[PDB]
file final30.cif (mmCIF, C-alpha atoms (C1' of nucleotides))
data_work
loop_
_atom_site.label_atom_id
_atom_site.label_comp_id
_atom_site.auth_asym_id
_atom_site.auth_seq_id
_atom_site.Cartn_x
_atom_site.Cartn_y
_atom_site.Cartn_z
CA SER A 1 0.00 0.00 0.00
CA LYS A 2 3.02 2.34 0.34
CA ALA A 3 1.56 3.73 3.57
CA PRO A 4 3.03 2.35 6.82
CA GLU A 5 1.06 4.95 8.82
CA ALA A 6 -2.34 3.25 8.81
CA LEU A 7 -4.82 2.00 11.40
CA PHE A 8 -5.62 -1.68 11.87
CA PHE A 9 -7.21 -4.08 14.35
CA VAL A 10 -6.63 -7.81 14.89
CA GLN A 11 -8.50 -10.21 17.17
CA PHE A 12 -7.64 -13.88 17.70
CA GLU A 13 -10.65 -16.02 18.61
CA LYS A 14 -11.94 -19.61 18.49
CA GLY A 15 -14.69 -20.67 16.11
CA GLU A 16 -17.05 -23.62 16.46
CA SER A 17 -14.21 -26.11 15.91
CA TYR A 18 -11.31 -24.15 14.40
CA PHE A 19 -9.27 -21.08 15.26
CA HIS A 20 -9.83 -17.89 13.27
CA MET A 21 -9.19 -14.14 13.35
CA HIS A 22 -10.88 -10.84 12.45
CA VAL A 23 -8.18 -8.61 10.98
CA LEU A 24 -9.08 -5.07 9.90
CA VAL A 25 -7.12 -2.71 7.65
CA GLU A 26 -7.90 0.87 6.65
CA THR A 27 -8.84 1.76 3.07
CA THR A 28 -6.13 4.43 2.78
CA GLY A 29 -4.29 3.86 -0.49
CA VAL A 30 -6.24 0.66 -1.24
CA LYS A 31 -9.59 1.12 -2.98
CA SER A 32 -12.36 -1.48 -3.09
CA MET A 33 -11.72 -2.59 -6.69
CA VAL A 34 -8.04 -3.31 -5.90
CA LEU A 35 -8.58 -5.13 -2.58
CA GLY A 36 -9.05 -8.42 -4.42
CA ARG A 37 -5.74 -8.28 -6.27
CA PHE A 38 -3.81 -7.24 -3.15
CA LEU A 39 -5.43 -10.02 -1.12
CA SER A 40 -4.60 -12.58 -3.82
CA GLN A 41 -0.99 -11.36 -3.93
CA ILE A 42 -0.69 -11.60 -0.14
CA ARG A 43 -2.19 -15.10 -0.27
CA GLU A 44 0.32 -16.19 -2.91
CA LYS A 45 3.15 -14.68 -0.86
CA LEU A 46 2.04 -16.47 2.31
CA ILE A 47 2.48 -19.91 0.76
CA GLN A 48 6.03 -21.01 -0.09
CA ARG A 49 7.30 -18.84 2.78
CA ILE A 50 5.39 -19.31 6.04
CA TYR A 51 4.11 -22.84 5.34
CA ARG A 52 7.05 -23.85 3.10
CA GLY A 53 4.93 -25.00 0.16
CA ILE A 54 2.28 -26.77 2.23
CA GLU A 55 -1.23 -25.34 1.98
CA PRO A 56 -4.11 -25.47 4.48
CA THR A 57 -7.18 -27.64 3.96
CA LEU A 58 -9.67 -25.47 5.88
CA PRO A 59 -11.86 -23.69 3.30
CA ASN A 60 -11.77 -19.89 3.36
CA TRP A 61 -8.40 -19.76 5.13
CA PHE A 62 -7.70 -16.23 3.83
CA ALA A 63 -10.48 -14.09 2.35
CA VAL A 64 -12.46 -10.91 3.05
CA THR A 65 -15.97 -10.66 4.45
CA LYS A 66 -18.42 -9.74 1.68
CA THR A 67 -21.69 -7.85 1.97
CA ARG A 68 -24.11 -10.42 0.54
CA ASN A 69 -23.78 -14.16 1.17
CA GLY A 70 -22.48 -15.39 -2.17
"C1'" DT B 1 -114.43 -34.41 15.07
"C1'" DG B 2 -108.42 -33.69 17.57
"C1'" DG B 3 -102.18 -33.20 18.36
"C1'" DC B 4 -96.91 -35.70 19.21
"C1'" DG B 5 -92.67 -37.98 16.46
"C1'" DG B 6 -88.99 -37.73 12.55
"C1'" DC B 7 -86.32 -36.00 7.37
"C1'" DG B 8 -83.88 -32.19 3.33
"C1'" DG B 9 -82.39 -27.33 3.12
"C1'" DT B 10 -79.56 -24.08 5.37
"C1'" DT B 11 -74.99 -21.09 6.22
"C1'" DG B 12 -71.71 -19.38 8.36
"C1'" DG B 13 -67.07 -21.40 10.11
"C1'" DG B 14 -62.77 -23.99 9.68
"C1'" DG B 15 -60.06 -24.91 5.64
"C1'" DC B 16 -58.03 -25.24 0.92
"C1'" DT B 17 -56.64 -22.03 -2.96
"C1'" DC B 18 -54.76 -19.13 -6.39
"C1'" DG B 19 -52.69 -14.60 -6.52
"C1'" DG B 20 -49.97 -10.44 -5.15
"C1'" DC B 21 -46.39 -8.17 -3.20
"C1'" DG B 22 -42.36 -8.57 -1.07
"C1'" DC B 23 -38.17 -10.28 -0.12
"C1'" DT B 24 -33.91 -13.11 -0.72
"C1'" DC B 25 -30.62 -15.92 -2.97
"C1'" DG B 26 -27.50 -17.43 -7.80
"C1'" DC B 27 -25.45 -15.41 -12.28
"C1'" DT B 28 -23.10 -11.73 -15.03
"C1'" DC B 29 -20.30 -9.13 -17.61
"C1'" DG B 30 -18.22 -4.33 -19.56
"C1'" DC B 31 -14.77 -2.28 -16.44
"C1'" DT B 32 -11.04 -1.76 -13.82
"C1'" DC B 33 -6.45 -2.37 -12.32
"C1'" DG B 34 -2.66 -4.33 -12.02
"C1'" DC B 35 1.47 -8.18 -13.76
"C1'" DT B 36 4.41 -9.42 -16.98
"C1'" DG B 37 6.51 -10.65 -21.78
"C1'" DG B 38 8.76 -10.58 -26.94
"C1'" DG B 39 10.94 -6.69 -28.64
"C1'" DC B 40 13.53 -2.55 -28.88
"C1'" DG B 41 17.35 -5.13 -32.33
#
call {"tool": "encode", "arguments": {"input": "final30.cif", "output": "C-alpha cells"}}
result
Amino acid sequence: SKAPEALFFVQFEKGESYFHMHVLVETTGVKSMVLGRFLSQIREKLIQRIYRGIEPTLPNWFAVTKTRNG
DNA sequence: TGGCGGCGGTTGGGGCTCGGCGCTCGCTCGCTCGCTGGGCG
C-alpha cells in the first residue's frame, strides 16, 4: 500500500471447531476494486514462505468478508 | 271431530386455494487495475 502509517485491528478467537481471526485494515491507499488483487498477492506470498509450500485444507483460510452471502 | 314424532335445506365457520407483493438468494459481464513478456534489435 506504500503507507506504513495506517490503522488496523486484529483479534484472535476460536470458532465452532477451528481457530480464526478478524483482521481489519484501513482503506487508505487501497480502494475497493483493488482489494481483491492485493489479497490474492498476499495469499500467494504467504504460501512457499510461512508454510514452506504446504497449503491449508480449511476452506476460506484467507479471504475478506463480503456484503451479501455469495 | 283432535295433536306428538322424525327428514332435506340451510350457512356461516374452519379450511383449501390461487394470486400479489415482497423479499432473498444465484449469475453476469463491460470495467477496472494491475502483472508481466517478446521486442527494442
call {"tool": "residues_near_point", "arguments": {"input": "final30.cif", "point": "(-1.8, 1.6, -0.7)", "cutoff": "7 Å", "atoms": "all atoms listed in the file", "output": "PyMOL selection string"}}
result
chain A and resi 1-3+28-30
call {"tool": "residues_near_point", "arguments": {"input": "final30.cif", "point": "(-8.3, -1.8, -14.7)", "cutoff": "10 Å", "atoms": "only C-alpha atoms (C1' of nucleotides)", "output": "ChimeraX atom specification"}}
result
/A:33-34 /B:31-34
call {"tool": "residues_around", "arguments": {"input": "final30.cif", "residues": "residue 9 of chain A", "least_positions_apart": "2", "cutoff": "7 Å", "atoms": "only C-alpha atoms (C1' of nucleotides)", "output": "PyMOL selection string"}}
result
chain A and resi 11+23-25
call {"tool": "closest_residue", "arguments": {"input": "final30.cif", "among": "B:14, B:2, B:26, B:39", "to": "chain A", "atoms": "all atoms listed in the file"}}
result
B:26
call {"tool": "atom_distance", "arguments": {"input": "final30.cif", "atom1": "atom CA of residue 55 of chain A", "atom2": "atom CA of residue 12 of chain A"}}
result
20.5 Å
call {"tool": "atom_distance", "arguments": {"input": "final30.cif", "atom1": "atom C1' of residue 30 of chain B", "atom2": "atom CA of residue 64 of chain A"}}
result
24.2 Å
call {"tool": "interface_residues", "arguments": {"input": "final30.cif", "of": "chain A", "to": "chain B", "cutoff": "10 Å", "atoms": "only C-alpha atoms (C1' of nucleotides)", "output": "MDAnalysis selection string"}}
result
chainID A and resid 33:34 37:38 68:70
call {"tool": "atom_distance", "arguments": {"input": "final30.cif", "atom1": "atom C1' of residue 23 of chain B", "atom2": "atom CA of residue 32 of chain A"}}
result
27.4 Å
call {"tool": "axis_aligned_box", "arguments": {"input": "final30.cif", "around": "segment 7-18 of chain B", "padding_each_side": "4 Å", "output": "AutoDock Vina command-line options"}}
result
--center_x -70.5 --center_y -27.6 --center_z 1.9 --size_x 39.6 --size_y 24.9 --size_z 24.5
call {"tool": "decode", "arguments": {"input": "final30.cif", "residues": "segment 15-37 of chain B", "atoms": "N, CA, C and O atoms (P, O5', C5', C4', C3', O3' and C1' of nucleotides)", "output": "CSV table (one decimal), in the first residue's frame"}}
result
chain,number,residue,atom,x,y,z
B,15,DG,P,-59.5,-25.9,10.9
B,15,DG,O5',-59.5,-25.8,9.3
B,15,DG,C5',-60.3,-26.8,8.6
B,15,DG,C4',-60.1,-26.7,7.1
B,15,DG,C3',-58.6,-26.5,6.7
B,15,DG,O3',-58.3,-27.4,5.6
B,15,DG,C1',-60.1,-24.9,5.6
B,16,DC,P,-56.7,-27.4,5.1
B,16,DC,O5',-56.9,-27.2,3.5
B,16,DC,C5',-57.7,-28.1,2.8
B,16,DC,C4',-58.1,-27.5,1.4
B,16,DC,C3',-56.9,-27.2,0.5
B,16,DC,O3',-57.2,-27.5,-0.9
B,16,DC,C1',-58.0,-25.2,0.9
B,17,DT,P,-56.2,-27.3,-2.0
B,17,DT,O5',-56.9,-26.3,-3.1
B,17,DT,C5',-57.6,-25.2,-2.6
B,17,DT,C4',-57.6,-24.1,-3.6
B,17,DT,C3',-56.3,-23.9,-4.3
B,17,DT,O3',-56.5,-23.3,-5.6
B,17,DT,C1',-56.6,-22.0,-3.0
B,18,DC,P,-55.9,-23.9,-6.9
B,18,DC,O5',-55.5,-22.6,-7.8
B,18,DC,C5',-56.5,-21.7,-8.2
B,18,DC,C4',-56.0,-20.3,-8.0
B,18,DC,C3',-54.6,-20.0,-8.6
B,18,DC,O3',-54.7,-18.9,-9.6
B,18,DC,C1',-54.8,-19.1,-6.4
B,19,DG,P,-53.4,-18.2,-10.1
B,19,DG,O5',-53.4,-16.9,-9.2
B,19,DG,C5',-54.5,-16.0,-9.1
B,19,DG,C4',-54.2,-14.8,-8.3
B,19,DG,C3',-53.0,-14.0,-8.8
B,19,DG,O3',-53.2,-12.6,-8.7
B,19,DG,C1',-52.7,-14.6,-6.5
B,20,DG,P,-52.2,-11.6,-9.5
B,20,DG,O5',-51.6,-10.7,-8.3
B,20,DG,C5',-52.5,-10.0,-7.4
B,20,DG,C4',-51.7,-9.4,-6.3
B,20,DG,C3',-50.4,-8.7,-6.7
B,20,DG,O3',-50.2,-7.6,-5.8
B,20,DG,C1',-50.0,-10.4,-5.1
B,21,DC,P,-49.0,-6.5,-6.2
B,21,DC,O5',-49.1,-5.5,-5.0
B,21,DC,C5',-49.2,-5.9,-3.7
B,21,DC,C4',-47.8,-6.4,-3.1
B,21,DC,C3',-46.6,-5.9,-3.9
B,21,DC,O3',-46.0,-4.8,-3.1
B,21,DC,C1',-46.4,-8.2,-3.2
B,22,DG,P,-44.8,-5.0,-2.1
B,22,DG,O5',-45.3,-6.3,-1.2
B,22,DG,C5',-44.9,-6.4,0.1
B,22,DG,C4',-43.6,-7.1,0.3
B,22,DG,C3',-42.4,-6.3,-0.2
B,22,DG,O3',-41.5,-6.2,0.9
B,22,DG,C1',-42.4,-8.6,-1.1
B,23,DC,P,-40.0,-5.8,0.7
B,23,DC,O5',-39.2,-7.2,0.9
B,23,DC,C5',-39.5,-8.0,2.1
B,23,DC,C4',-38.8,-9.3,1.9
B,23,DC,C3',-37.2,-9.2,1.8
B,23,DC,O3',-36.6,-10.3,2.4
B,23,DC,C1',-38.2,-10.3,-0.1
B,24,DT,P,-35.1,-10.2,2.9
B,24,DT,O5',-34.7,-11.8,3.1
B,24,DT,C5',-35.4,-12.8,2.4
B,24,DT,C4',-34.5,-13.6,1.5
B,24,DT,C3',-33.1,-13.1,1.5
B,24,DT,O3',-32.1,-14.2,1.5
B,24,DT,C1',-33.9,-13.1,-0.7
B,25,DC,P,-32.5,-15.8,1.4
B,25,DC,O5',-31.1,-16.5,1.4
B,25,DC,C5',-30.1,-16.2,0.4
B,25,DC,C4',-30.4,-17.0,-0.9
B,25,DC,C3',-29.2,-17.3,-1.7
B,25,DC,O3',-29.4,-18.6,-2.4
B,25,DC,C1',-30.6,-15.9,-3.0
B,26,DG,P,-28.1,-19.4,-2.9
B,26,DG,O5',-28.1,-19.2,-4.4
B,26,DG,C5',-27.0,-19.7,-5.2
B,26,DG,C4',-27.4,-19.5,-6.7
B,26,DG,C3',-26.2,-19.4,-7.6
B,26,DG,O3',-26.4,-20.0,-8.9
B,26,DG,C1',-27.5,-17.4,-7.8
B,27,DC,P,-25.2,-20.2,-9.9
B,27,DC,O5',-25.4,-18.9,-10.9
B,27,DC,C5',-26.5,-18.7,-11.7
B,27,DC,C4',-26.2,-17.6,-12.7
B,27,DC,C3',-24.8,-17.5,-13.2
B,27,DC,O3',-24.8,-17.3,-14.6
B,27,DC,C1',-25.4,-15.4,-12.3
B,28,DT,P,-23.8,-16.2,-15.3
B,28,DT,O5',-24.4,-14.8,-14.9
B,28,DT,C5',-25.3,-14.1,-15.8
B,28,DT,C4',-24.6,-12.9,-16.4
B,28,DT,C3',-23.2,-13.1,-16.9
B,28,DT,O3',-22.9,-12.1,-17.9
B,28,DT,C1',-23.1,-11.7,-15.0
B,29,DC,P,-23.5,-12.2,-19.3
B,29,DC,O5',-23.1,-10.7,-20.0
B,29,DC,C5',-23.4,-9.6,-19.2
B,29,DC,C4',-22.1,-8.7,-19.0
B,29,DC,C3',-20.9,-9.2,-19.9
B,29,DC,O3',-20.3,-8.1,-20.4
B,29,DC,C1',-20.3,-9.1,-17.6
B,30,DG,P,-20.9,-7.3,-21.7
B,30,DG,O5',-19.9,-6.0,-21.8
B,30,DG,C5',-20.5,-4.7,-22.0
B,30,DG,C4',-19.9,-3.6,-21.1
B,30,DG,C3',-18.5,-3.1,-21.5
B,30,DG,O3',-18.4,-1.8,-21.1
B,30,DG,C1',-18.2,-4.3,-19.6
B,31,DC,P,-16.9,-1.2,-20.8
B,31,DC,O5',-16.5,-1.8,-19.3
B,31,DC,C5',-17.4,-1.5,-18.2
B,31,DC,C4',-16.6,-1.0,-17.1
B,31,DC,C3',-15.4,-0.2,-17.4
B,31,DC,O3',-15.1,0.8,-16.4
B,31,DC,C1',-14.8,-2.3,-16.4
B,32,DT,P,-13.8,1.7,-16.6
B,32,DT,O5',-12.8,1.1,-15.4
B,32,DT,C5',-13.3,1.0,-14.1
B,32,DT,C4',-12.3,0.1,-13.3
B,32,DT,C3',-10.8,0.5,-13.4
B,32,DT,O3',-10.2,0.6,-12.1
B,32,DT,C1',-11.0,-1.8,-13.8
B,33,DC,P,-8.8,1.3,-11.9
B,33,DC,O5',-8.3,0.8,-10.5
B,33,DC,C5',-8.5,-0.5,-10.1
B,33,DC,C4',-7.4,-1.4,-10.4
B,33,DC,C3',-6.0,-0.7,-10.7
B,33,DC,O3',-5.1,-1.1,-9.8
B,33,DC,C1',-6.4,-2.4,-12.3
B,34,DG,P,-3.7,-0.2,-9.6
B,34,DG,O5',-2.7,-1.2,-8.9
B,34,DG,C5',-1.6,-1.8,-9.6
B,34,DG,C4',-2.0,-3.2,-10.1
B,34,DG,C3',-0.8,-4.1,-10.5
B,34,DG,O3',-0.5,-5.1,-9.5
B,34,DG,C1',-2.7,-4.3,-12.0
B,35,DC,P,1.0,-5.6,-9.3
B,35,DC,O5',1.2,-6.6,-10.5
B,35,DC,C5',0.4,-7.8,-10.5
B,35,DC,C4',1.0,-8.8,-11.5
B,35,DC,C3',2.5,-8.7,-11.7
B,35,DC,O3',3.1,-10.0,-12.0
B,35,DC,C1',1.5,-8.2,-13.8
B,36,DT,P,4.7,-10.2,-12.0
B,36,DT,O5',5.0,-10.5,-13.5
B,36,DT,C5',4.2,-11.5,-14.2
B,36,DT,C4',4.3,-11.4,-15.7
B,36,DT,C3',5.7,-11.2,-16.3
B,36,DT,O3',5.8,-11.9,-17.5
B,36,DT,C1',4.4,-9.4,-17.0
B,37,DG,P,6.9,-13.2,-17.6
B,37,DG,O5',7.0,-13.4,-19.2
B,37,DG,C5',5.8,-13.5,-20.0
B,37,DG,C4',6.0,-12.9,-21.4
B,37,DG,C3',7.5,-12.8,-21.8
B,37,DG,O3',7.6,-13.1,-23.2
B,37,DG,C1',6.5,-10.7,-21.8
